[PDB]
Amino acid sequence: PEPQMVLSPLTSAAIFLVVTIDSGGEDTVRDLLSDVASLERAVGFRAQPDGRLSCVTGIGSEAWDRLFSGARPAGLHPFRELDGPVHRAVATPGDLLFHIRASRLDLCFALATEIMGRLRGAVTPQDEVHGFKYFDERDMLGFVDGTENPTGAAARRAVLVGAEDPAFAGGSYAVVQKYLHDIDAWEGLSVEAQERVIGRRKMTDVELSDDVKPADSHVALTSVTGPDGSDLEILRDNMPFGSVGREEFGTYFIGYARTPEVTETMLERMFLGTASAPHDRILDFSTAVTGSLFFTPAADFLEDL
Amino acid sequence: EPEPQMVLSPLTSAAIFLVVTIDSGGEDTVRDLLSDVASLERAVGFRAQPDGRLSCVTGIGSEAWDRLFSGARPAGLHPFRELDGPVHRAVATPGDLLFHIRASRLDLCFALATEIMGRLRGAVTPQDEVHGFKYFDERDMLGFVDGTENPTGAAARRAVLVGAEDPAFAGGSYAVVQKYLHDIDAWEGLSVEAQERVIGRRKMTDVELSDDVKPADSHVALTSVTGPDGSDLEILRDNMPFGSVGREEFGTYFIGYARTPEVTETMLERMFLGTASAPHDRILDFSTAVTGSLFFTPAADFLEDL
Amino acid sequence: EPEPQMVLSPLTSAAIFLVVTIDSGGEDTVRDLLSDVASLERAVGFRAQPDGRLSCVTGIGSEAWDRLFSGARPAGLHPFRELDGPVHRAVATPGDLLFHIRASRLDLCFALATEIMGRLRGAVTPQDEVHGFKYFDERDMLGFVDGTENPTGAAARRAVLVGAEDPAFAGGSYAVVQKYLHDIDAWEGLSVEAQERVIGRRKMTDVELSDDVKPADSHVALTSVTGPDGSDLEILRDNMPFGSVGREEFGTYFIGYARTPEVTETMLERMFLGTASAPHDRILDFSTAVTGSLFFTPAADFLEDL
Amino acid sequence: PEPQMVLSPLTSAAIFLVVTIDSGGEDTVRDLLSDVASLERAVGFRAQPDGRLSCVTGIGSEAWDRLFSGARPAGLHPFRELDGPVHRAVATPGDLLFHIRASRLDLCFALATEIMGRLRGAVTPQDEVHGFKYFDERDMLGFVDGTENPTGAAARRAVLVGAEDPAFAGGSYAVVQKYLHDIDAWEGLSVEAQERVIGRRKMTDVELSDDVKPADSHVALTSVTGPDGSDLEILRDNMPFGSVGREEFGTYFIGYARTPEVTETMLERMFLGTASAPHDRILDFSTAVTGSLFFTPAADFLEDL
Amino acid sequence: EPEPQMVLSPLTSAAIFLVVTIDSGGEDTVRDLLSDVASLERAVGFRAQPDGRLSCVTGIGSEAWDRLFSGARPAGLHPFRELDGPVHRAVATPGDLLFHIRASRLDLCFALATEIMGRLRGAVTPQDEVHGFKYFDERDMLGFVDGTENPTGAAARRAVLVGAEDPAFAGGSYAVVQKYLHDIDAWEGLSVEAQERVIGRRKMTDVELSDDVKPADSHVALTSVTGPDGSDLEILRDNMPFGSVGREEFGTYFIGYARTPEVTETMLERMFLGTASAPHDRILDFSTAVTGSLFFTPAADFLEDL
Amino acid sequence: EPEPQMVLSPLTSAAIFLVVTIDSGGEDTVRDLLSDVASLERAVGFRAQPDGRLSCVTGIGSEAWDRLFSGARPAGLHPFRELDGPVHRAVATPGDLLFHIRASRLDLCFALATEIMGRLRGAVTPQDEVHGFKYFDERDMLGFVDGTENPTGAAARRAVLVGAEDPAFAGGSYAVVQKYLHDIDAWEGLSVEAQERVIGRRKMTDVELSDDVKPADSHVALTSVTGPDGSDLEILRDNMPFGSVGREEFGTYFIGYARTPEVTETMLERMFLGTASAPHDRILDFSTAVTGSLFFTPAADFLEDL
């Protein structure tokens, strides 16, 4: 039961590729899916010391039914649009996700080239984002981003499908959203105001004390306890991206979890709000422009095709 | 002695190329920025001492110069000359300001670009923005090592920096930019040996082909130029690969520095118009220029005294 | 499955050792910090992904334990036992809390230490603070490679982590700290060969001396201890050099982890009291212990549930 | 049971040392074998943590019987010479193998010095090769080399002796062959011809499609499926080596497997051929000059004597 | 022609600052060391070619100079001038010799310092010893990027090195040291925006405040000094953070090089005494100078010929 | 004006030394290569920008010079002078061309060597090939830090480069190579203190022995040479360890550059023949020279104009 590299850490470079499968493209796609790990090694081995090239392949709900007969992952469905009073989490088309990471962009680009070379005329590109590390693990808002990710055993338990769906053990669910930020508005706030939005100190990344942390802060809304009283956790691999000329300053959100229910709860709290908070204050400076849900199978699953 | 911009600095792993036009009434805002550009570079750059290697080279176009400054002009400064060859065309596109930003990390480039554009917002219109990245062992999108024959040391200084021939602008340089897109499908149809004949060097090892084997229409042959004096005419190239996989964009962002544009223009002419021995540069059969601009990059002192 | 603290992590290039006593009425403030310590570690540590390697191991002393917690105690937890040998003395000094902070850079250690002490200000009194640094090829102030025979992998786990023998505290460990100052003048008076006889290994190459040549009063001989089964009893050492040139302070900060303090104490006894074959450890002729404390380092879960 | 570093990855530097045990040298050898791990740490600790020094010790069939009284590894025998119609895989003497790797040659050299210092007058050197990384993981033929090595769980299953021989669990079998290449002849081929010999693209290391890959290509012949239909796999740690003046351009082949049967099958296919292929085309440019088989015991085994 | 000490070399990750006074009758021992200092630097430094970057700059005080040498004095050499402002005081403290030791690793600094002090034992009394460390992205203890506006290249040479104005000491420089301790409690009481007003630059991005927003009593404003000619007067700063968490010591070790002490002293005067527009430098409201010494750092040749 | 080869560049982690004789009728092929050598260096070297540090220094022997060129000869160029001392002998062995190839990685050296020999195949016979590697902290096979006292900067230029004393060959240098094998058995028989007396420096710390303790027959004493003017005579050494464990080969590949061979020869004479105070260099008691050749390394321009 060998998972894809869904537990691997953040890297300095990433390419996110989202495509839809054109009518009659199913066969070409199936062939690629079985060769994806082989292509990864072909490119990756060239940089074997410190390259850290990996590709995580995700398949959407509608795409799954077109590609495979038999059982479906229990949690796999189209991304649920959230129409909140103020902010909207839109659902956009996407059949296949390629989450490509390395310590260098060239490796990502080479692999992406090989994948798309095989898929040409079978797929239509929906989104392509080239992500880059920004200083000391910062996002476009200038905050350290990824701090509270689970590690080790906790990561395994939060991310990997287990006995609750045994046919797809070793798989995971990925939710992607591309966000664009209003930097003008954001930079109008004082640092202290920004800290109140996020829920952590800007420079030092220290969490605000519970008596000072607003209920509508990002950290407060995305902290979720389950029925057991245990924290519900996701693994985030967000990357900054952008284009200065077009005033694009972005966060590419990607979160892995063993069930989409966890990610969706966090989304709901952010967009719809709670009793104590109208919505996540971060959304006042952030617009989601894409939204897709994918199941990322175990590596074995892709190979045996 | 006049202090040049970082026009002599080597190739880096990351680059941002930014080309803008100055909007109506934007002159004043632009002048203010120009005087702060070196200051902004240090502000961002110092954070990543000593491996950051952040630099920004600022270029000003012909038309823009007259809008910005009174007094003398650089002797060689004019708009990019469009070349309509029998087969291939080197197009001229608008551009008033060039920002050539390099570092060993993209974040540094992006941060500086953000600061520059933040100051210029509402005074300029973006024309082009390219994020360049090192591709393996200094390769381009055609899979060839690219930059090998760049001059170094004293030779670089002599080829790139304006000297006594135009003493008011000593320490300056001329930059020609062209964004090229490549037809990878067609290129990958050729055998490696055929590709080598196009370039003029061995693909894997980057060793120059013997003179008896090197075609007259090879890229290396056409861009090798001797002056009347019999000396080699040389430019300093800082090309970077760039691209977008989804849109099938595989590019070379060409930038070349020289002490006079005449040198770069000769090479362009040989490539696009051809010689007696060669119809045109074979590389153009797989490469399309989509932008073309010429800028003068002043000495650092010049920008500061503003 | 209990999650241990980073007691199995390897040696780093930088370390801060912080030992404090809890002031009267400081218990509450201390408990709050203890529950946030892992959170503070991540807050600072994440900034320097992935080469930072920041970790903090928190230890609690015997007397402090009773002030902080009701319920069961770790089976082996007691105050450091003073050893008054014929010649050398291992002193016991006050210490309630241990912070063993390691990273590949001192800044990370310093930042974390700042955050911890910021929260504890007015609740604790500092007893000791040492900033450790890697010295050449893993050498100590005596000029010998130091840490060679540390257990690794499964052997490390078995030697260091509390298991079924005390199931309520599984995943914990015991840390013994001693700050040593060295008489470099006297030490440098010895020939290299004499120094090798003191340690029990070759100086330059770090190769262990043959059994027929290794003195019974050598450091290696005295600290080699076999258990009832005839297997070696082992500890995990994270010693760091430290010092101040002006004050002629050349130090080894000793810290050793073990699943039971009995192992470390046996080695101490052999060193300070001697055996039938050896009066004492010859290393002590050039080394003075100035502190001595024992701490229990709980599993990470234990700290969090507070 | 603790294996030797048989699963560890490729490094930038390696020393391969093959010796025979002289008459009456048994005792000296046994002493060293029990100290080998100790010597490794003595040298290795000096270059923590980027040194990555390791030594894998192998013992030959004939040597085993001279050294030890009890049971033998089930698969341990002398290297089987293969006399093909055209190419020959020679068997050469070798009692002990020292496979020494680090990120720096000095570390390898220091350890080798210590080992040989202890063995002087008890062993005769047969072969010594100093290997070095060549660009982006290339061999002397200019191809990326090691791409299809198994990793993680697959590596463990392919390499480590398990329950099928429980007394030697955690051990492995190493086959070494020193190859010299005819670079003149090789460089006479076009790149496309070279690709047909190997079975992969030269520059990009992408495997040739199944409809284009020759049956006598290196990749085709070394593929090998077992009765179960699963792939048979070995772990390769080949290093380039050579001397420019003497026109020596070499590949030092070393492959680990849980049973020698796997490696021997690949050898047989290469040298003797199949129904579809006379022999491996790579052998047309490669001459084996040594050939030895060693069993590499678990670390515990070496320590306990 | 004259070979300077490493006074133009950049900031490193690690530093040791050592200040000693020469005891009565210690002159001879000191002279011997001074002639061997470069030799000791190479002895230690060569071991860590090429990334070690070990250097030692040796400075000699005014009073010490007269005790050590007969003949001419550097034109600008005098004791540090104490400044008694209305509110803040720049104290002058004893110091005859300065050793400014830098490397990319502390071990190298410590080894060299050990060798130097080994030779000087019983001839000198230690006054101060500080172990400096890089803090994140070139930050100081106040959390601001520190060193941004240092001159580079030719400008650095012109600002730092003694030239024709004192030809017997060409290639020398003047170093002013001050150890500052910071009141972090008070400082962290300010909002970021208030802190920016104190310094004169943005905290996170290190971008200089616009001239219309920058307070006259900001650090940047007061230390910006124009000469009669209208040119900027510049110094080269190699400040390092240092500190001890337990004792609440958060420090900046200030060291500035200049071709004449007049430049540094002007900046000091503006900071401590104030101008017409500003009572004093606001940074001093959170910073206390605890040492103050002035040294002349001779050309390397000068030390060798001794 | 004349541009030297990379004779001033520092020591690297990897080196290949290649010595060949020119076969009868090979002159033409050799001349062609000589003119392409810099081109080949760039072809390979550019692939590993910027940390590759690939360089090739080409040397031509006395006899070879006369076969290759007409006209004036370098003033100092002659065959290596055999030294038959009472005890030790410095042998002269054949060698027409020297290729001193250095980089931070062996692959780069090997690739370049491959290209050079590929062009020379059937025109030259290999005499010697050594692959050198860095050994710990810049140590040699004797376990001593090696290269410490090399001149740097201006001093290096003055010691190494031919100047006005032979103006036709300004920018050239003279290289003396000797391959030494060491008797490690005998050497390891000495105590460390005895070894230090042989070399003239401390083993571990690389600190030079005081003048009152340093033997007259120590390596450091014999190779310290003053000229008639009282100035120190200096050479630039790029020695590399090499060896083969199986064959008990532990070597130092000696290469020294100087502006005149007279300097190197004086040091050789002192070592092999001795002085009034010393029979010979004690290092030779554990070191055997197995090759000896002298080459002139022309300015880069000289090779190009061919």
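By written order: A, B, C, D, E and F. Residues from 1 in each chain.
As a convention for this text, a contact is a pair of C-beta atoms (placed from the backbone, for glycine too) under 8 Å apart; a residue touches a chain by one contact, two chains touch by 3 or more.
Asker: Comparing centres built from CA atoms, which chain ends up most distant from chain C?
Answerer: B
Asker: Determine, using the mean of C-alpha atoms as each chain's centre, which chain is farthest from chain A.
Answerer: Centroid comparison gives F as the farthest chain from chain A.
Asker: Report the chain pair from E-F, C-E or C-F that duplicates the B-E interface, where duplication means over half of the contact pairs agree by residue number.
Answerer: From the options E-F, C-E or C-F, the copy of B-E is E-F.
Asker: On a C-alpha centroid basis, what's the spacing between chain A and chain D, in Å?
Answerer: Computed value for the inter-centroid distance: 41 Å.
Asker: Taking the mean of the CA coordinates per chain, how far is chain A from chain B in Å?
Answerer: 37
Asker: At what distance in angstrom does the C-alpha mean of chain F lie from that of chain C?
Answerer: So the centre of chain C lies 49 Å away from the centre of chain F.
Asker: Where in chain D do residues touch at least two different other chains?
Answerer: 12, 46, 110, 135-136
Asker: Among line, ring, star, complete and other, which one matches the pattern of chain touches?
Answerer: Graph shape, chains as nodes and touching pairs as edges: none of the named types, so other.
Asker: If you look only at chain D, which of its residues touch chain A in the complex?
Answerer: Touch residues, chain D against chain A: 9-10, 12, 136-137, 144, 146-148, 152-154, 200, 204-207.
Asker: Within their complex, state which residues of chain F touch chain D.
Answerer: My answer: residues 16, 18, 20, 47, 105-107, 110-111, 113-114, 117, 126, 128-129, 131, 133-136, 243-248.
Asker: What residues on chain D touch chain B, complex-wise?
Answerer: On the chain D side, the touching residues are 135-136, 142, 190-192, 202-203.
Asker: Once bound in the complex, which stretches of chain C touch chain A?
Answerer: It comes out as residues 1, 3, 39-40, 42-44, 46-50, 111, 115.
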